[PDB]
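# Geometric and topological summary
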Amino acid sequence: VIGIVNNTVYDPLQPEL
Amino acid sequence: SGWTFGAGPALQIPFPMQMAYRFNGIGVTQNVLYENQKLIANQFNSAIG
Ligand SMILES: *[C@@H]1O[C@H](CO)[C@@H](O)[C@H](O)[C@H]1NC(C)=O
Ligand SMILES: *[C@@H]1O[C@H](CO)[C@@H](O)[C@H](O)[C@H]1NC(C)=O
């Protein structure tokens, strides 16, 4: 993928469990 | 600006994403476009020529 940014993706499961 | 200028104000968008939206609009996910973007552009020139 071109110009894909190095950025974090949140997961709605790890904070919960 | 893709189709945004037709419906109102012209909203700039990178051409590859405009293509991505148009691909999504026909049932082909945008990752197909991004993974083959170079192939598609070179290929497009031969079609215009
Ligand atoms: C976006 O355009 C700039 C030039 O203004 C260029 O240096 C940069 O590499 C481009 N990024 C992509 C992903 O094409
Ligand atoms: C993104 O992170 C990886 C791992 O640190 C690194 O190898 C790569 O060069 C980084 N790319 C950008 C766009 O900074």
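Scoring rules and cut-offs
Residues numbered from 1 in each chain as written, not as in the entry; some residues may be left out. Chains lettered and ligands numbered in written order. Part of a larger assembly, values for the part shown. Heavy atoms only, no water. Helix = DSSP H or I, 4+ residues; strand = E, 2+ residues; numbered from the N terminus. Buried < 20%, exposed > 50% of the residue type's maximum accessible area, 1.4 Å probe, protein only. Areas by Shrake-Rupley, 256 points an atom, 1.4 Å probe, with all protein chains shown as cover. Expected span 1.5 Å × (residues − 1). Patch = residues over 30% accessible without salt bridge, like charges linked within 9 Å, V, L, I, M, F, W, Y side chains within 5 Å. Salt bridge = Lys/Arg side-chain N within 4 Å of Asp/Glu carboxyl O. Contact = heavy atoms within 4.5 Å.

Determination of this PDB entry was carried out by cryo-EM to a resolution of 3.45 Å, according to the record.

### A look at the overall build of chain B
The helix and strand tally for chain B stands at 3 helices and 0 strands. Going from N to C terminus, chain B has its helices and strands arranged as α-α-α. With respect to the three principal axes, the spread of C-alpha positions in chain B is 30 × 25 × 15 Å. For chain B, the residues scored as buried account for 12% of the 49 residues in total. For chain B, the accessible surface area stands at approximately 3800 Å², while carbon and sulfur atoms represent 61% of it.

### Examining helix α3 (residues 37-48) of chain B
In a regular helix each residue adds 1.5 Å, so 12 residues correspond to 16 Å; α3(B) covers 17 Å between its end C-alpha atoms and thus fits that length. The element α3(B) is largely exposed, with a buried count of 1 among its 12 residues.

### With respect to a nonpolar patch on the surface
Side chains of B:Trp3, B:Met17 and B:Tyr21 sit close together on the surface and give an oily, nonpolar patch of about 340 Å² of accessible area. The class for B:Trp3 is partly exposed, based on a relative accessible area of 48%.

### A closer look at the environment of B:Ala41
Note that B:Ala41 resides in helix α3. The class for B:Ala41 is partly exposed, based on a relative accessible area of 40%.

### Remarks on the environment of B:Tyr21
Residue and element names in this part refer to chain B. Secondary-structure assignment places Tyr21 in helix α1 (residues 15-24). The class for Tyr21 is partly exposed, based on a relative accessible area of 46%. For the pair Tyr21 and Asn31, spaced 10 residues apart in sequence, the C-alpha separation works out to 11 Å. Once residues lying within four places of it in the same chain are set aside, the contact partners of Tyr21 are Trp3 and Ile13.

### A closer look at the side chain of B:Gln18
Note on placement: B:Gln18 falls in helix α1. Residues within four places of B:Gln18 in sequence aside, it is in contact with B:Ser1, B:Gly2 and B:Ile13.

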